[PDB]
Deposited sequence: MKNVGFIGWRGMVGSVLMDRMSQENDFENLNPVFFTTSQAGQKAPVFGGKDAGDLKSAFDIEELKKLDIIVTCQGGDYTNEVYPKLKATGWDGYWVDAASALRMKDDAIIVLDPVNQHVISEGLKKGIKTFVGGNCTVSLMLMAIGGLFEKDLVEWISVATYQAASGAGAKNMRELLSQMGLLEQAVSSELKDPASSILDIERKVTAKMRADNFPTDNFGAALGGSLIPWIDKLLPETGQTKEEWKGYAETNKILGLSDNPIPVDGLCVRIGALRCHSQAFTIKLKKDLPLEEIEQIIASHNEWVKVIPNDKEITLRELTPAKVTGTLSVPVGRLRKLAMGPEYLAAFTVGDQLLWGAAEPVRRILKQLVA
């Protein structure tokens, strides 16, 4: 069995990885060595890390940027598996999402690539839902509008969202108890609390609770995009292996009041005019996790929501129809869990392949 090092296993993404690995009994297939940054071996000890065959880290970019150059400088020929964004764009690294790019991964393992990194949450959840259209060379471009959860921002951000929500209802606790009260008065009090100084907004920089934030990560002055939006064009094409001739995937990334699921609204311009039934079969046949939801009200409310998909491996896609712009314009809406397919699952699955 392989000797595997685990760093950042105590954090949010790391804990989801530990829980998933325990569920699938992945630990019986490898020899686990747990690391810690605390003053269990030290995560900064290159001499201990050098003994291992594979290193799995959910610690973050700052750690990766500090220890990865130092470790690869000793002549170490092992594998680096990362959940963080730091090494995604390097030429000796592959962005991993096996149900979509098993070919790129298999050909890369044959090429001697030692660094494997999980992809951007919104990109990976999009490809898990709409990868069938990419496989059959049907996508010309995709216009994206996201509904992102507090999960992607961090653990303290999820807690702030919850605190914000409770404070919004508390401001009108008494008024909500009697059915005869004025709704405009209720709203005036909820909005006043949202705008108050004592309303906890330090993690977001604005209220998320009964609002939204149409900006995620820093600005790239050259394009006007945010880093989260930029990753839609850059990472989709690297995963699929189309970096030399890219497919335009661009849009707006918005943070909404959800805990764990990222939802996305698409306007997909296809290369061919195809029947709607045929498009539904192309995306349903791609992988075992994608679930095509029929264009009906009761089934959409029950299946295509964060309430339904939180904590599951299911990637439902629905609202499938042709848009008024033309027969090659397809509407699609998807919901997926940020911590699983958007973070811990592509990392779990590549490890399984490496220890096989």
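S.K.: Since the structure holds only modelled residues, which stretches of the deposited sequence does it leave out?
M.R.: No coordinates exist for the deposited residues in 40 to 54, so this stretch alone is absent from the model.
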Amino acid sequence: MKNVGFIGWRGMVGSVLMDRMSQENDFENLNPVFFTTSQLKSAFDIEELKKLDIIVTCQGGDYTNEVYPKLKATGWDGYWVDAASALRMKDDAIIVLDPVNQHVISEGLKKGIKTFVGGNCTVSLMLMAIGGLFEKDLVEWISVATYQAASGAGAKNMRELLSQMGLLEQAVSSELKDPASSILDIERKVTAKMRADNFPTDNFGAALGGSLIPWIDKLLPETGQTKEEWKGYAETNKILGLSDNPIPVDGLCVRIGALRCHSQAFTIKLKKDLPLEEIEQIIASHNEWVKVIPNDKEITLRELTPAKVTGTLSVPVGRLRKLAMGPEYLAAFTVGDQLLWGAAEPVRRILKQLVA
From here on, numbers count along this sequence of modelled residues.
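S.K.: Pick between 105 to 113 and 223 to 231: the one whose mean CA B-factor in the entry is higher.
M.R.: That would be 105 to 113.
S.K.: Going by the B-factors listed in the PDB entry, is the mean over the C-alpha atoms higher for 42 to 50 or for 287 to 295?
M.R.: Of 287 to 295 and 42 to 50, the stretch with the higher C-alpha B-factor average is 42 to 50.
S.K.: Using the temperature factors in the entry, find which of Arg255, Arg159, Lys272, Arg195 has the highest value at its Cα atom.
M.R.: Of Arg255, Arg159, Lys272, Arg195, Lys272 has the highest C-alpha B-factor.
S.K.: In terms of CA temperature factor as recorded, identify the highest of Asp202, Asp82, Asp185, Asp178.
M.R.: Answer for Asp202, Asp82, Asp185, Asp178: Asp178, with the highest C-alpha B-factor.
S.K.: Relative to the other modelled residues of the same chain, rank the CA B-factor of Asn65 and answer lowest, middle or highest third.
M.R.: For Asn65, whose C-alpha B-factor we compare with every modelled residue in the chain, the answer is the highest third.
S.K.: Which third of the chain holds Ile7 when residues are ordered by C-alpha B factor: lowest, middle or highest?
M.R.: According to the entry, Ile7 has a C-alpha B-factor in the chain's middle third.
S.K.: Lowest, middle or highest third: which one holds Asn245 when the chain's residues are ordered by CA B-factor from the entry?
M.R.: Top third by C-alpha B-factor.
S.K.: What third of its chain, lowest, middle or highest, does the C-alpha temperature factor of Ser174 fall into?
M.R.: As the PDB entry reports it, the C-alpha B-factor of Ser174 lands in the highest third of its chain.
S.K.: C-alpha B factor of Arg88, ranked within the chain: lowest, middle or highest third?
M.R.: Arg88: CA B-factor falls in the middle third of its chain.
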